[PDB]
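In the block that follows, a single chain appears as structure tokens, in the form solved without the ligand.
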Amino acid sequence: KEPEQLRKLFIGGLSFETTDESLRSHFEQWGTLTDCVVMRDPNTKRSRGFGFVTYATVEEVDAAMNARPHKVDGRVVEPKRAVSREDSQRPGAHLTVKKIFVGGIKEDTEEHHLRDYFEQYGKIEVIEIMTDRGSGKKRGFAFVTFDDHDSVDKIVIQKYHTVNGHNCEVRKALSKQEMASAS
């Protein structure tokens, strides 16, 4: 049995009239829903326009994501890997991005090392191992861009990543300015 967090998808952009029932009826097409709910105001009971669906297995989750775009109650919605309440605190945790920051990679790390680990998550468009433009010294971090934002989401929700023999930290890439506003 895989962890609940990894078996759940956040469903954003829900139609004003989507319900626990209409949501379920749609996503059950890709698996056994162990949970399905529409978040709404506790006071007015008005829909907050988003919800979650949870499958019995991550394979069923992958099936659902491979079926995008998803239209529910006539509205195109936005299914996303569910980011934990804890991680939802980090800056840009909910951004739709196709690039990741990979920090703490050994000096002798080469592109093939990155591909050997990251290709399993999706089509890689660009790989950039950073160096100091002036000294030419390796800075110990890289950037990897994918063709699908879900590749990035599938990655950052995992805790560990082994590249060139050792663990490395992987986060959603924030722009120069986002990093600044994040400081």
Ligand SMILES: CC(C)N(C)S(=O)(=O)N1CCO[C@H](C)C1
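All residue numbers are counted from 1 along the displayed sequence.
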#### Entry: No coordinates for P79 in a third or more of the other PDB entries
no
### Query
When the other PDB entries of this protein are compared, is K99 left blank in at least a third of them?
no
### Message
Please compare 38-46 with 120-128 and say which has the higher mean C-alpha temperature factor in the record.
### Response
38-46
### Query
Averaging C-alpha B-factors over each stretch, which comes out higher, 78-86 or 102-110?
102-110
#### Entry: Residue of maximum C-alpha B factor among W30, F146, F143, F52, per deposited coordinates
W30
### Message
Which third, lowest, middle or highest, does the C-alpha temperature factor of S175 belong to within its own chain?
### Response
middle
### Task
Divide the modelled residues of the chain into thirds by Cα B-factor and specify which third, lowest, middle or highest, holds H161.
lowest
### Query
Split the chain's modelled residues into thirds by Cα B-factor; is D62 in the lowest, middle or highest one?
middle
### Message
Quick check on the deposited entry: does the C-alpha B-factor of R115 sit in the lowest, middle or highest third of its chain?
### Response
middle
### Message
Quick check for you: using the entry's CA B-factors within this chain, is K154 in the lowest, middle or highest third?
### Response
lowest
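Although it is not shown, the form deposited with the ligand bound is what the next lines describe.
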### Message
Whether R24 contacts the ligand in the entry with it bound should be assessed with a 4.5 Å heavy atom distance threshold; does it?
### Response
no
### Message
Would you classify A173 as touching the ligand in the entry with it bound, given a 4.5 Å non-hydrogen atom cut-off?
### Response
yes
### Task
Could you list which residues of 137-151 come within 4.5 Å of the ligand in the entry with it bound, counting heavy atoms only?
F141, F143
